[PDB]
Amino acid sequence: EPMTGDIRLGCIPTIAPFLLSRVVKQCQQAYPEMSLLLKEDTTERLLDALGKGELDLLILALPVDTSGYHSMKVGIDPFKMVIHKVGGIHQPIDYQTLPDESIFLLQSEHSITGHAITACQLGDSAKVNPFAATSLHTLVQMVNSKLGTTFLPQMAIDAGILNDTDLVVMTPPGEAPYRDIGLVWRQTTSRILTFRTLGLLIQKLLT
Amino acid sequence: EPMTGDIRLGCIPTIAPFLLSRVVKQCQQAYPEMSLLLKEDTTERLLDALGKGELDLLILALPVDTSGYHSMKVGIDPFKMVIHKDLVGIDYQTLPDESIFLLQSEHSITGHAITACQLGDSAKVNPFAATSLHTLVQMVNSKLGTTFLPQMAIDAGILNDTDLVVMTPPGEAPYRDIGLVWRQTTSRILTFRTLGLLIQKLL
């Protein structure tokens, strides 16, 4: 029964595009009798889906509200800020130097907006472009068009989201500028061995 | 004032990462006094925002429900089926079950690819229910199935640093139309036609 059967897995669109294929291919090779029924959605709808019984496991970015659930941290990944290679000004980043609507952020339903704001210490909301984005690939294209800057997760950079771009990587304002990756499941699960195995595989996948 | 002032423009996630940056770049170079207040969202939510006044202009497809609005077609982009480089060889029902990767019905590209490629067998669809074509590209590059892709994604380099090859899907009209949608009672007729010509030249 462990590592066998149908498991309905949820993963947020800031994690799934550059982790999920390696998660699924390894489980196909090592556990071919386990069928992962995936779903890509944002955090609140994913936790709700776990509440209704729609899903059994969620791959989330950890600092969210997981009340009534069990949550296991499986890794960290830092934040970076990207600019076209031609406006590199100063490495210790002052947010007040930047022009007015020049920091692109996803719609606030994506947890990466709040995580990047709190972790990289963005205090001036006037610095935030009024783009209501949903894809970080769109923002990478916007920054590559010299239209501003954005925060990128490290796991996006390591999978070549900056390929075919003139973007460069900077270190954001410090004081723990990272994001926790974690696994979420119901407290009444009967598949704790499977979820701990998936967590160990994901943690090892987060190099 | 044509190309001056605030314009609230919405774009679907299956078009935006391949055209929106170039649209905004050319607009702020040729018309620097027009501010594009942008939004990425799916077709029904963009239509709801257009009807309630939250947005003024939408970049969508043509074959969606645009009752009570004005649609202008600005071009086409073909549908192409992409597969891993090792896995190759009119594309009939040879494919196994749960193999075609499709986005949720929330995104119009699913219905567009289904109707334009004559996909009548749902059993060949993998039950992913995705939202991002880049995730599906990563899944196909891991030898996990097929997916449909718009030509504008391939032109923007979505197959770069992958091992995917392009195949012609079995459709009589294997393409998707692109269009601009706005309220019929608008006064910015010249601005919207200008942006439509701009997008049409870009496509």
# chains A, B, ... in the order shown; residues from 1 in each chain; ligands from 1
call {"tool": "closest_atom_pairs", "arguments": {"of": "chain A", "to": "chain B", "cutoff": "8 Å", "atoms": "only C-alpha atoms", "output": "tab-separated table"}}
result
residue	atom	partner	partner_atom	distance
A:13	CA	B:132	CA	7.3
A:16	CA	B:135	CA	6.6
A:17	CA	B:135	CA	4.2
A:18	CA	B:135	CA	7.1
A:20	CA	B:135	CA	7.7
A:21	CA	B:139	CA	5.1
A:22	CA	B:142	CA	7.6
A:25	CA	B:142	CA	6.6
A:37	CA	B:127	CA	6.4
A:38	CA	B:128	CA	4.9
A:39	CA	B:129	CA	5.4
A:40	CA	B:130	CA	5.1
A:41	CA	B:131	CA	7.2
A:130	CA	B:37	CA	6.2
A:131	CA	B:38	CA	4.9
A:132	CA	B:39	CA	4.6
A:133	CA	B:40	CA	5.0
A:134	CA	B:40	CA	5.8
A:135	CA	B:13	CA	7.2
A:137	CA	B:17	CA	6.0
A:138	CA	B:17	CA	4.2
A:139	CA	B:17	CA	7.9
A:141	CA	B:21	CA	6.0
A:142	CA	B:21	CA	5.1
A:145	CA	B:21	CA	6.3
A:147	CA	B:25	CA	7.3
call {"tool": "write_last_selection", "arguments": {"atoms": "C-alpha atoms", "output": "PDB file, in the first residue's frame"}}
result
ATOM      1  CA  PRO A  13       2.360  27.750  -9.960  1.00  0.00           C
ATOM      2  CA  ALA A  16       5.291  23.381 -10.141  1.00  0.00           C
ATOM      3  CA  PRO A  17       6.907  24.717 -13.358  1.00  0.00           C
ATOM      4  CA  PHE A  18      10.400  23.908 -12.312  1.00  0.00           C
ATOM      5  CA  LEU A  20       7.062  19.028 -10.662  1.00  0.00           C
ATOM      6  CA  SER A  21       8.444  17.181 -13.699  1.00  0.00           C
ATOM      7  CA  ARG A  22      11.401  15.890 -11.702  1.00  0.00           C
ATOM      8  CA  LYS A  25       9.423  11.292 -13.380  1.00  0.00           C
ATOM      9  CA  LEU A  37      -3.240  13.010  -9.930  1.00  0.00           C
ATOM     10  CA  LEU A  38      -1.818  16.507 -10.095  1.00  0.00           C
ATOM     11  CA  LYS A  39      -3.361  19.978  -9.939  1.00  0.00           C
ATOM     12  CA  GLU A  40      -1.800  23.429 -10.396  1.00  0.00           C
ATOM     13  CA  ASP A  41      -3.503  26.212  -8.419  1.00  0.00           C
ATOM     14  CA  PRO A 130       0.514  48.150 -11.090  1.00  0.00           C
ATOM     15  CA  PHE A 131       0.910  44.969 -13.160  1.00  0.00           C
ATOM     16  CA  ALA A 132      -1.530  42.337 -11.850  1.00  0.00           C
ATOM     17  CA  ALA A 133       0.558  39.399 -13.043  1.00  0.00           C
ATOM     18  CA  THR A 134       0.059  35.658 -12.661  1.00  0.00           C
ATOM     19  CA  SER A 135       3.155  34.227 -14.429  1.00  0.00           C
ATOM     20  CA  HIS A 137       7.750  34.166 -17.136  1.00  0.00           C
ATOM     21  CA  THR A 138       5.758  37.235 -18.156  1.00  0.00           C
ATOM     22  CA  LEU A 139       7.672  39.311 -15.596  1.00  0.00           C
ATOM     23  CA  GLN A 141      10.039  39.102 -20.309  1.00  0.00           C
ATOM     24  CA  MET A 142       9.031  42.504 -18.862  1.00  0.00           C
ATOM     25  CA  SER A 145      12.335  44.522 -22.195  1.00  0.00           C
ATOM     26  CA  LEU A 147      10.637  47.819 -18.254  1.00  0.00           C
TER      27      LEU A 147
END
call {"tool": "residues_around", "arguments": {"residues": "residue 173 of chain B", "least_positions_apart": "4", "cutoff": "10 Å", "atoms": "only C-alpha atoms", "output": "list in words"}}
result
residues 78, 79, 115, 116, 117, 118 and 169 of chain B
call {"tool": "select_by_dssp", "arguments": {"residues": "chain A", "states": "helix (DSSP H, G or I)", "output": "ChimeraX atom specification"}}
result
/A:16-30,43-52,111-119,125-127,136-144,154-157,192-205
call {"tool": "select_by_dssp", "arguments": {"residues": "segment 22-168 of chain B", "states": "strand (DSSP E or B)", "output": "PyMOL selection string"}}
result
chain B and resi 34-40+57-60+69-84+100-103+125-130+146-150+164-167
call {"tool": "atom_distance", "arguments": {"atom1": "atom CA of residue 200 of chain A", "atom2": "atom CA of residue 181 of chain A"}}
result
12.3 Å
call {"tool": "closest_residue", "arguments": {"among": "A:31, A:206, A:158, A:19", "to": "residue 5 of chain A", "atoms": "only C-alpha atoms"}}
result
A:31
call {"tool": "residues_around", "arguments": {"residues": "segment 170-172 of chain B", "least_positions_apart": "2", "cutoff": "12 Å", "atoms": "only C-alpha atoms", "output": "mmCIF file with C-alpha atoms, in the first residue's frame"}}
result
data_model
loop_
_atom_site.group_PDB
_atom_site.id
_atom_site.type_symbol
_atom_site.label_atom_id
_atom_site.label_comp_id
_atom_site.auth_asym_id
_atom_site.auth_seq_id
_atom_site.Cartn_x
_atom_site.Cartn_y
_atom_site.Cartn_z
ATOM 1 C CA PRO B 78 -1.114 27.705 -35.435
ATOM 2 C CA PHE B 79 -1.414 24.842 -32.964
ATOM 3 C CA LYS B 80 1.569 22.474 -32.903
ATOM 4 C CA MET B 81 1.905 19.200 -30.987
ATOM 5 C CA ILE B 90 -1.062 11.675 -38.750
ATOM 6 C CA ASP B 91 -1.095 10.870 -34.998
ATOM 7 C CA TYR B 92 -3.965 8.477 -34.687
ATOM 8 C CA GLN B 93 -5.260 6.646 -31.570
ATOM 9 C CA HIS B 112 -9.378 25.850 -28.905
ATOM 10 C CA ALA B 113 -6.904 22.969 -29.291
ATOM 11 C CA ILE B 114 -9.666 20.367 -28.835
ATOM 12 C CA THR B 115 -11.875 21.817 -31.573
ATOM 13 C CA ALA B 116 -9.043 22.791 -33.929
ATOM 14 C CA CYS B 117 -7.319 19.386 -33.707
ATOM 15 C CA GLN B 118 -10.462 17.150 -33.534
ATOM 16 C CA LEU B 119 -9.746 15.574 -30.136
ATOM 17 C CA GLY B 120 -12.848 13.524 -29.408
ATOM 18 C CA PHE B 148 -0.475 21.222 -27.766
ATOM 19 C CA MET B 167 4.549 17.922 -35.114
ATOM 20 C CA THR B 168 1.585 18.974 -37.213
ATOM 21 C CA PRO B 174 -5.226 23.758 -36.756
ATOM 22 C CA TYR B 175 -4.863 27.369 -35.631
ATOM 23 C CA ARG B 176 -6.223 29.797 -33.065
#
call {"tool": "residues_around", "arguments": {"residues": "residue 101 of chain A", "least_positions_apart": "2", "cutoff": "10 Å", "atoms": "only C-alpha atoms", "output": "compact mmCIF listing (two decimals) with C-alpha atoms, in the first residue's frame"}}
result
# COMPACT_ATOMS: atom_id res chain seq x y z
CA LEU A 98 14.47 52.91 -8.12
CA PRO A 99 11.95 54.75 -10.34
CA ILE A 103 9.12 46.56 -9.36
CA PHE A 104 6.82 44.01 -10.96
CA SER A 125 4.43 50.24 -2.00
CA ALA A 126 4.87 53.23 -4.34
CA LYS A 127 7.81 51.33 -5.88
CA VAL A 128 5.50 48.52 -7.07
CA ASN A 129 4.31 48.48 -10.67
CA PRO A 130 0.51 48.15 -11.09
CA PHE A 131 0.91 44.97 -13.16
CA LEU A 147 10.64 47.82 -18.25
CA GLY A 148 11.65 47.33 -14.61
CA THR A 149 12.84 44.71 -12.13
call {"tool": "residues_around", "arguments": {"residues": "residue 35 of chain B", "least_positions_apart": "3", "cutoff": "9 Å", "atoms": "only C-alpha atoms", "output": "list in words"}}
result
residues 3, 4, 5, 6, 7, 8, 27, 28, 31 and 32 of chain B
call {"tool": "residues_around", "arguments": {"residues": "segment 75-86 of chain A", "least_positions_apart": "4", "cutoff": "8 Å", "atoms": "only C-alpha atoms", "output": "PyMOL selection string"}}
result
chain A and resi 116+120+143-146+148-155+166-172+177-182+203+206
call {"tool": "write_last_selection", "arguments": {"atoms": "C-alpha atoms", "output": "compact mmCIF listing (two decimals), in the first residue's frame"}}
result
# COMPACT_ATOMS: atom_id res chain seq x y z
CA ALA A 116 9.26 38.48 -1.43
CA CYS A 120 13.47 41.27 0.97
CA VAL A 143 12.39 42.90 -17.12
CA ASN A 144 14.14 41.74 -20.30
CA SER A 145 12.34 44.52 -22.20
CA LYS A 146 14.03 47.05 -19.82
CA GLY A 148 11.65 47.33 -14.61
CA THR A 149 12.84 44.71 -12.13
CA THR A 150 11.35 41.75 -10.31
CA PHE A 151 12.00 39.13 -7.66
CA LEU A 152 12.69 35.59 -8.88
CA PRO A 153 12.83 32.42 -6.77
CA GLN A 154 16.14 30.57 -6.91
CA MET A 155 14.53 27.37 -8.23
CA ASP A 166 20.12 39.59 -20.93
CA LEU A 167 19.16 39.52 -17.26
CA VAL A 168 21.64 39.52 -14.41
CA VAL A 169 21.22 38.37 -10.83
CA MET A 170 21.59 40.59 -7.79
CA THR A 171 21.38 39.93 -4.09
CA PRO A 172 18.28 41.56 -2.52
CA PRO A 177 15.92 36.75 1.96
CA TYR A 178 14.60 33.25 1.25
CA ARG A 179 11.38 31.27 1.03
CA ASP A 180 10.56 28.00 2.80
CA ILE A 181 9.27 25.07 0.69
CA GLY A 182 7.05 22.59 2.51
CA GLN A 203 14.10 17.83 -0.13
CA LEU A 206 15.92 20.94 -3.71
call {"tool": "decode", "arguments": {"residues": "segment 39-62 of chain A", "atoms": "N, CA and C atoms", "output": "mmCIF file, in the first residue's frame"}}
result
data_model
loop_
_atom_site.group_PDB
_atom_site.id
_atom_site.type_symbol
_atom_site.label_atom_id
_atom_site.label_comp_id
_atom_site.auth_asym_id
_atom_site.auth_seq_id
_atom_site.Cartn_x
_atom_site.Cartn_y
_atom_site.Cartn_z
ATOM 1 N N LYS A 39 -2.570 18.771 -9.719
ATOM 2 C CA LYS A 39 -3.361 19.978 -9.939
ATOM 3 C C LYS A 39 -2.485 21.188 -9.649
ATOM 4 N N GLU A 40 -2.513 22.167 -10.550
ATOM 5 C CA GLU A 40 -1.800 23.429 -10.396
ATOM 6 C C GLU A 40 -2.806 24.517 -10.040
ATOM 7 N N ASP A 41 -2.632 25.131 -8.867
ATOM 8 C CA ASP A 41 -3.503 26.212 -8.419
ATOM 9 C C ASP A 41 -2.789 27.000 -7.331
ATOM 10 N N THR A 42 -3.350 28.165 -6.999
ATOM 11 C CA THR A 42 -2.764 29.036 -5.990
ATOM 12 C C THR A 42 -3.102 28.529 -4.590
ATOM 13 N N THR A 43 -2.519 29.193 -3.587
ATOM 14 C CA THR A 43 -2.362 28.592 -2.263
ATOM 15 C C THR A 43 -3.696 28.417 -1.538
ATOM 16 N N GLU A 44 -4.521 29.470 -1.506
ATOM 17 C CA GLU A 44 -5.786 29.420 -0.776
ATOM 18 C C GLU A 44 -6.733 28.386 -1.372
ATOM 19 N N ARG A 45 -6.822 28.334 -2.704
ATOM 20 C CA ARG A 45 -7.655 27.326 -3.348
ATOM 21 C C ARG A 45 -7.092 25.923 -3.158
ATOM 22 N N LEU A 46 -5.769 25.788 -3.027
ATOM 23 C CA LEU A 46 -5.181 24.472 -2.797
ATOM 24 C C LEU A 46 -5.473 23.970 -1.389
ATOM 25 N N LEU A 47 -5.321 24.837 -0.385
ATOM 26 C CA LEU A 47 -5.647 24.448 0.983
ATOM 27 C C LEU A 47 -7.131 24.163 1.129
ATOM 28 N N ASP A 48 -7.973 24.938 0.443
ATOM 29 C CA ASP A 48 -9.390 24.608 0.422
ATOM 30 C C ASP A 48 -9.622 23.239 -0.211
ATOM 31 N N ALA A 49 -8.944 22.949 -1.330
ATOM 32 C CA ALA A 49 -9.108 21.665 -2.011
ATOM 33 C C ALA A 49 -8.685 20.499 -1.127
ATOM 34 N N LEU A 50 -7.605 20.674 -0.369
ATOM 35 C CA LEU A 50 -7.246 19.689 0.645
ATOM 36 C C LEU A 50 -8.327 19.576 1.722
ATOM 37 N N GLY A 51 -9.005 20.682 2.036
ATOM 38 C CA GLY A 51 -10.075 20.628 3.022
ATOM 39 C C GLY A 51 -11.280 19.832 2.554
ATOM 40 N N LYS A 52 -11.679 20.012 1.291
ATOM 41 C CA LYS A 52 -12.867 19.327 0.790
ATOM 42 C C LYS A 52 -12.636 17.844 0.556
ATOM 43 N N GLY A 53 -11.386 17.401 0.502
ATOM 44 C CA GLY A 53 -11.071 16.079 0.014
ATOM 45 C C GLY A 53 -10.707 16.020 -1.450
ATOM 46 N N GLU A 54 -10.602 17.168 -2.127
ATOM 47 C CA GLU A 54 -10.222 17.166 -3.536
ATOM 48 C C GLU A 54 -8.788 16.689 -3.720
ATOM 49 N N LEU A 55 -7.885 17.100 -2.835
ATOM 50 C CA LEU A 55 -6.498 16.669 -2.892
ATOM 51 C C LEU A 55 -6.094 16.060 -1.558
ATOM 52 N N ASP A 56 -4.982 15.328 -1.576
ATOM 53 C CA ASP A 56 -4.428 14.722 -0.372
ATOM 54 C C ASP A 56 -3.113 15.340 0.066
ATOM 55 N N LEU A 57 -2.312 15.827 -0.873
ATOM 56 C CA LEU A 57 -1.011 16.394 -0.563
ATOM 57 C C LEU A 57 -0.838 17.696 -1.333
ATOM 58 N N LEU A 58 -0.222 18.692 -0.698
ATOM 59 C CA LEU A 58 0.073 19.961 -1.353
ATOM 60 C C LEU A 58 1.555 20.283 -1.229
ATOM 61 N N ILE A 59 2.172 20.679 -2.342
ATOM 62 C CA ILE A 59 3.517 21.254 -2.336
ATOM 63 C C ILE A 59 3.371 22.769 -2.304
ATOM 64 N N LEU A 60 3.740 23.388 -1.186
ATOM 65 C CA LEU A 60 3.492 24.802 -0.987
ATOM 66 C C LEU A 60 4.778 25.505 -0.586
ATOM 67 N N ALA A 61 4.741 26.831 -0.667
ATOM 68 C CA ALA A 61 5.751 27.683 -0.059
ATOM 69 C C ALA A 61 5.294 27.983 1.360
ATOM 70 N N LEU A 62 6.113 27.593 2.340
ATOM 71 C CA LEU A 62 5.600 27.268 3.674
ATOM 72 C C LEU A 62 4.929 28.407 4.435
#
